[PDB]
Amino acid sequence: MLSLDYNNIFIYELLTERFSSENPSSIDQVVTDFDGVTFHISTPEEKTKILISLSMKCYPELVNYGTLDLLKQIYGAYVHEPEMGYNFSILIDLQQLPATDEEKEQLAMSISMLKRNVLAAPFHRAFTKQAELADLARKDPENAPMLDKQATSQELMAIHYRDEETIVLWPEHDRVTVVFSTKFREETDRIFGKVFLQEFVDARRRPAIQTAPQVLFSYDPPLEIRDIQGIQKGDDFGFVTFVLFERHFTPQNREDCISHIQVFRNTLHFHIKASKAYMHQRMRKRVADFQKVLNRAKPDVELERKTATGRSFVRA
Amino acid sequence: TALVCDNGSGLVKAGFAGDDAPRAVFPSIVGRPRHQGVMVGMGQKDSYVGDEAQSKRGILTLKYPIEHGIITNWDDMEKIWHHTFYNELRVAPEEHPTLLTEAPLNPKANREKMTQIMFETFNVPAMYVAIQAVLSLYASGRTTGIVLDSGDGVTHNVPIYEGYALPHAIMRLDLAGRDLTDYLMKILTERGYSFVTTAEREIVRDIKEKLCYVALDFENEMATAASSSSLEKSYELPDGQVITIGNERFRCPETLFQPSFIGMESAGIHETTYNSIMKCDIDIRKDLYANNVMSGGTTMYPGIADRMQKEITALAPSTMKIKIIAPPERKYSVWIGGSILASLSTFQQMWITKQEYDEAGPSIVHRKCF
Ligand SMILES: Nc1ncnc2c1ncn2[C@@H]1O[C@H](COP(=O)(O)OP(=O)(O)O)[C@@H](O)[C@H]1O
Ligand SMILES: [Mg+2]
């Protein structure tokens, strides 16, 4: 794969099966995800009713940024009391499904998309508040610099979403900026990750992708994040900044932009792994070139004729 | 009525005397098509002027017939004045007297040919040609001040006290919006954005007008741009491809404060206003420091009145207050001052009359314009 899926593939396939199934069997399935996230899928009272529950170490921060309001808006009547050891939960009853295969499919998709929906609330808070600041700056363009300066501190979201990544973001009247305070702790991934983070920033300087968010990189923090608690300028973090401008979160594009920015460091981590398989095929191709330099030391002798199983042959 | 025309190096402002704003504002441009032309009957035209040249610019060589405040192509200026009266303002110049407008320390022949074309081509009943910056005093309701005027072609300073100008203290600087547009093309190239044609010159002029501003402290904004995420701005080109710029937004206008950015050996606009005040008589300087008028479109950058108030209070003594008079209307204040002067009830003896020209030739202008 060149790109990661945004949704949990197991939850999508399992719900696409059970929403079609003539005879649902029971399930009891803990399922891992990226960034230390985990799901429990089960039928805890009837084979008819599936409980899907999410566990996520940053969920208490995400609730401060309007997450429960967005999850109630997305999942509606299916929202359920949290399961013990899990932060959020949804109950789907297999006799209560939508009347069409296409509504069933987009519900199986919506429930598989749950990790990126819980994590989308700080981005929707930034996009909707940028629209307020945009309207105020359109009212008085000479007051806008002070609105942007106060929103840079009063409307900043930080999410410590895993112990080696902090995502920091804020609205200003024409943009959302998001900074990945980013690190690789495994030493070969830190070495290959320096090449990946360098070529990522240099790619944005080429003519072909000027349509993309502005990207910046350093390894001290961007000025407006230097005093956010848990950011630290000597602690081997690099800081990838994306400036999303109004064109990157236009109404036709908000949800794809959110899905795609959250998976940034996951695509980089995955491709640092997949680059090793590429280097290994690059290596064994020129092991096969060096074979031909040793084969010229073999003196030329005809081998006896052999059948496909290696048994000796007696003709010609 | 009289008519008021401000013959801008970049932008014509034209209208009736006694109106509160120009009727016509349009590019001081003539466009000639540079490609072959292949569809007969489809309304091809041999040259284009103003907004029509600006609108069709992709197939055109655009030329400005005024540069550094002097007319360098008189044939194209006859086209711009013809377009001004007949196409844009909808008037016969045969029956309306015209206030024209001119920069200080121009060539004498610029004044002469400008009066000659008005009488011998446009047949005007009478005309005048006012110094561009003393009109900007009239617009502000004021008889004392030093005015910085910076349009597209020139920056100039005139000190005036109780309605009397100090002509030895007048000084001119061949650096304004044109040179800032050329330097923005120069420094957009280092982000990878090559703009080369005289049509792309107008795209960079629009990037300058939309994105540029002046730093209150240049080295502090250069340090802020080293963590650039707040100063980066995107702009979309006519083709829908985009550029993103950071320190180019304030490095461009800083050429007004540091002309050495374009290799020019001259004082910046702050030091040139101070040098013009210090050329004046000692007891008038207090009232000029208090009355620094800003005018013309190159004074429209965000932050420029604050940067000017700062950098003059750093040159001047602390014993008197300095304030910058930068109205929101200041793009048109030269034309507004001409609308006042051409309607003002004691000005009607000061016109150069057609018979008064016919008696003397175009040298008549020097003995009554200034
Ligand atoms: N908002 C602005 N910000 C910066 N530069 C401006 C702005 N508006 C206009 N300009 C500059 O001012 C020039 C026109 O100013 P103007 O006073 O009309 O000059 P001129 O009379 O000499 O033609 C433009 O061509 C451009 O360089
Ligand atoms: Mg001008």
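Basis: the model, the stated rules and, where named, an outside source; none is laboratory data. Here the Cβ positions follow ideal geometry from the backbone for every residue, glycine too, while neighbour counts run over all protein chains shown.
Does B:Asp149 satisfy the condition of being charged (D, E, K, R), in contact with a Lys or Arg (Cβ under 9 Å, 6 or more places away or on another chain) and within 15 Å of ligand 1 (Cβ to nearest atom)? Working first, answer last.
Details: charged (D, E, K, R): yes; in contact with a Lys or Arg (Cβ under 9 Å, 6 or more places away or on another chain): no; within 15 Å of ligand 1 (Cβ to nearest atom): yes.
So B:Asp149 does not fit the description; no.
I'm trying to understand the selection: among the residues of segment B:353-369, which are over 22 Å from B:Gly15 (Cα atoms) and assigned to a loop (DSSP other than H, G, I, E, B)?
Once the filter is applied, which keeps residues that are over 22 Å from B:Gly15 (Cα atoms) and assigned to a loop (DSSP other than H, G, I, E, B), segment B:353-369 yields B:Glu359, B:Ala360, B:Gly361, B:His366, B:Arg367, B:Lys368.
Does segment B:275-303 hold any residues that are under 18 Å from B:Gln258 (Cβ atoms) and within 16 Å of ligand 2 (Cβ to nearest atom), and which are they?
Matches in segment B:275-303: B:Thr298, B:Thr299, B:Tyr301.
Would you pick out the residues in segment B:295-312 that are more than 14 Å from every other protein chain (Cβ to nearest Cβ) and under 12 Å from the mean Cα position of the chain (by Cα)?
Kept after step one, since they are more than 14 Å from every other protein chain (Cβ to nearest Cβ), are these residues of segment B:295-312: B:295-299, B:307-312.
If the condition is that a residue be more than 14 Å from every other protein chain (Cβ to nearest Cβ) and under 12 Å from the mean Cα position of the chain (by Cα), then B:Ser295, B:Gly296, B:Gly297, B:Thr298, B:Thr299 are the ones that fit.
Wholly within segment B:193-280, which helices (runs of 4 or more DSSP H) include no fewer than the required count, namely at least 3 residues that are touching a helix residue (DSSP H, G or I) at 6+ places or on another chain (Cβ under 9 Å) and more than 14 Å from every other protein chain (Cβ to nearest Cβ)? If you could, list the steps in order and put the result at the bottom.
Numbers: elements: B:200-211, B:218-224, B:248-251, B:269-277.
By residue number, B:200-211, B:269-277.
Which number in (1) within 16 Å of ligand 2 (Cβ to nearest atom); (2) closer than 27 Å to A:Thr177 by Cβ marks the one condition that B:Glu248 misses?
(1)
When segment B:7-63 is examined, which residues are found to be among the β-branched types (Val, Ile, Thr) and touching a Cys at 6+ places or on another chain (Cβ under 9 Å)?
Initial filter on segment B:7-63 (among the β-branched types (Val, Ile, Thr)): B:12, B:25, B:29-30, B:38, B:40, B:49, B:59, B:61.
Passing the criteria: only B:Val12.
Tell me which residues, restricted to segment A:98-141, are in the same structural domain as A:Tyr12 (by CATH) and in a loop (DSSP other than H, G, I, E, B).
Correct list: A:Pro98, A:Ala99, A:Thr100, A:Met113, A:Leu119, A:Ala120.
Kindly indicate the residue of segment B:56-72 that is in a helix (DSSP H, G or I) and not hydrophobic (A, V, I, L, M, F, W, C) and also farthest from the chain's Cα centre (by Cα) among those meeting that condition. Give the steps one after another, and end with the answer.
Just the residues of segment B:56-72 that are in a helix (DSSP H, G or I), to begin with: B:57-59.
Within this subset, residues satisfying the condition of being not hydrophobic (A, V, I, L, M, F, W, C) are B:57-58.
Working: B:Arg57: 22, B:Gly58: 25 Å.
So the residue we want is B:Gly58.
Would you say B:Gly41 is more than 19 Å from B:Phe26 (Cβ to Cβ) and either over 20 Å from the mean Cα position of the chain (by Cα) or surrounded by fewer than 22 Cβ atoms within 10 Å (Cβ to Cβ) (or both)?
Values: more than 19 Å from B:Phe26 (Cβ to Cβ): yes; either over 20 Å from the mean Cα position of the chain (by Cα) or surrounded by fewer than 22 Cβ atoms within 10 Å (Cβ to Cβ) (or both): yes.
Criteria met by B:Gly41.
For segment A:1-88, list the strands (runs of 3 or more DSSP E) that sit wholly inside it and hold at least 3 residues that are loosely packed, with under 15 Cβ neighbours inside 10 Å; which are they? If you could, list the steps in order and put the result at the bottom.
On the way: elements: A:28-32, A:38-42, A:49-55.
Result: A:28-32.
Can you pull out every residue in segment B:307-319 that is out of contact with any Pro (no Cβ under 9 Å at 6 or more places or on another chain) and farther than 22 Å from B:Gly141 by Cβ?
Step one: of segment B:307-319, the residues out of contact with any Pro (no Cβ under 9 Å at 6 or more places or on another chain) are B:308-319.
Answer for segment B:307-319, where residues must be out of contact with any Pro (no Cβ under 9 Å at 6 or more places or on another chain) and farther than 22 Å from B:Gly141 by Cβ: B:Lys310, B:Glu311, B:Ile312, B:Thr313, B:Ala314, B:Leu315, B:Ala316, B:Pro317, B:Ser318, B:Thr319.
Do you know which of the residues in segment B:305-352 that are in a helix (DSSP H, G or I) and within 16 Å of ligand 2 (Cβ to nearest atom) is nearest to B:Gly18 (Cα to Cα)? Steps first, answer last, please.
Taking segment B:305-352 first, the residues in a helix (DSSP H, G or I) are B:305-313, B:333-343.
After this cut, where a residue has to be within 16 Å of ligand 2 (Cβ to nearest atom) as well, the list is B:333-339.
Values: B:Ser333: 13, B:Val334: 14, B:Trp335: 11, B:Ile336: 9, B:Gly337: 10, B:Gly338: 9, B:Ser339: 5 Å.
So, considering only residues that are in a helix (DSSP H, G or I) and within 16 Å of ligand 2 (Cβ to nearest atom), the one nearest to B:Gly18 (Cα to Cα) is B:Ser339.
Rundown of residues vs (1) more than 26 Å from B:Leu344 (Cα to Cα); (2) within 16 Å of ligand 1 (Cβ to nearest atom); (3) polar (S, T, N, Q); (4) within 14 Å of another protein chain (Cβ to nearest Cβ), yes/no style:
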{"residue": "B:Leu62", "(1), (2), (3), (4)": "yes, yes, no, no"}
{"residue": "B:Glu67", "(1), (2), (3), (4)": "yes, yes, no, no"}
{"residue": "B:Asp76", "(1), (2), (3), (4)": "yes, yes, no, no"}
{"residue": "B:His82", "(1), (2), (3), (4)": "yes, no, no, no"}
{"residue": "B:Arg90", "(1), (2), (3), (4)": "no, no, no, no"}
{"residue": "B:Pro93", "(1), (2), (3), (4)": "no, no, no, no"}
{"residue": "B:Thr98", "(1), (2), (3), (4)": "no, no, yes, no"}
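Could you list, ordered by first residue, the pairs with Cβ atoms under 8 Å in which the first is in segment A:179-194 and over 10 Å from A:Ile272 (Cα atoms) and the second is crowded, with 21+ Cβ neighbours inside 10 Å and charged (D, E, K, R), at least 6 apart or interchain?
From residues that are over 10 Å from A:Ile272 (Cα atoms), the pairs are A:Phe180/A:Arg265; A:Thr182/A:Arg265.
Does B:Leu11 satisfy being within 14 Å of ligand 1 (Cβ to nearest atom) and either farther than 26 Å from B:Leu99 by Cα or among the charged types (D, E, K, R) (or both)?
Values: within 14 Å of ligand 1 (Cβ to nearest atom): yes; either farther than 26 Å from B:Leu99 by Cα or among the charged types (D, E, K, R) (or both): no.
For B:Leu11, the condition - within 14 Å of ligand 1 (Cβ to nearest atom) and either farther than 26 Å from B:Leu99 by Cα or among the charged types (D, E, K, R) (or both) - is not met.
Counting only residues that are within 14 Å of ligand 2 (Cβ to nearest atom) and hydroxyl-bearing (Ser, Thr, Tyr), how many does segment B:95-154 have?
Residues in segment B:95-154 being within 14 Å of ligand 2 (Cβ to nearest atom) and hydroxyl-bearing (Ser, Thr, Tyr): 3 in total.
Do the conditions hold for B:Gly192, that is, is it over 30 Å from B:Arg251 (Cβ atoms), more than 16 Å from ligand 1 (Cβ to nearest atom) and either within 17 Å of the chain's Cα centre (by Cα) or surrounded by fewer than 17 Cβ atoms within 10 Å (Cβ to Cβ) (or both)?
On the way: over 30 Å from B:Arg251 (Cβ atoms): no; more than 16 Å from ligand 1 (Cβ to nearest atom): yes; either within 17 Å of the chain's Cα centre (by Cα) or surrounded by fewer than 17 Cβ atoms within 10 Å (Cβ to Cβ) (or both): yes.
Answer is no for this residue.
Within segment B:125-140, track down each residue that is assigned to a helix (DSSP H, G or I) and over 15 Å from the mean Cα position of the chain (by Cα). Write out each step before concluding.
The first filter runs over segment B:125-140 and keeps only residues assigned to a helix (DSSP H, G or I), leaving B:132-139.
Matches in segment B:125-140: B:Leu137, B:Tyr138, B:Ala139.
So, of the residues in segment B:92-116 that are over 17 Å from the mean Cα position of the chain (by Cα) and hydroxyl-bearing (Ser, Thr, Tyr), which turns out to be farthest from B:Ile70 (Cα to Cα)?
Among them, the one singled out is B:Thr98.
Hey, B:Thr198 hits all of (1) within 16 Å of ligand 1 (Cβ to nearest atom); (2) buried (at least 19 other Cβ atoms within 10 Å of the Cβ) but one; which does it fall short on?
Among (1) within 16 Å of ligand 1 (Cβ to nearest atom); (2) buried (at least 19 other Cβ atoms within 10 Å of the Cβ), B:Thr198 violates only (2).
Which residue is nearest to the other protein chains (Cβ to nearest Cβ), if the candidates are limited to segment A:236-252 and must be part of a loop (DSSP other than H, G, I, E, B) and of a type in the set (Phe, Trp, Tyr)?
Looking at the filtered set, the residue picked out is A:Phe249.
So, in segment A:89-140, of the ones that are among the small types (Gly, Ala, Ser) and closer than 19 Å to A:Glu172 by Cβ, which residue ends up surrounded by the fewest Cβ atoms within 10 Å (Cβ to Cβ)? Break it down stepwise before answering.
Initial filter on segment A:89-140 (among the small types (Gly, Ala, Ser)): A:89, A:99, A:108, A:110, A:112, A:120-121, A:126, A:131, A:134, A:137.
Subsequent filtering for residues that are closer than 19 Å to A:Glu172 by Cβ retains A:126, A:131, A:134, A:137.
Values: A:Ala126: 26, A:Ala131: 14, A:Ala134: 18, A:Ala137: 19.
Step by step, filter segment A:89-140, then rank; the result is A:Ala131.
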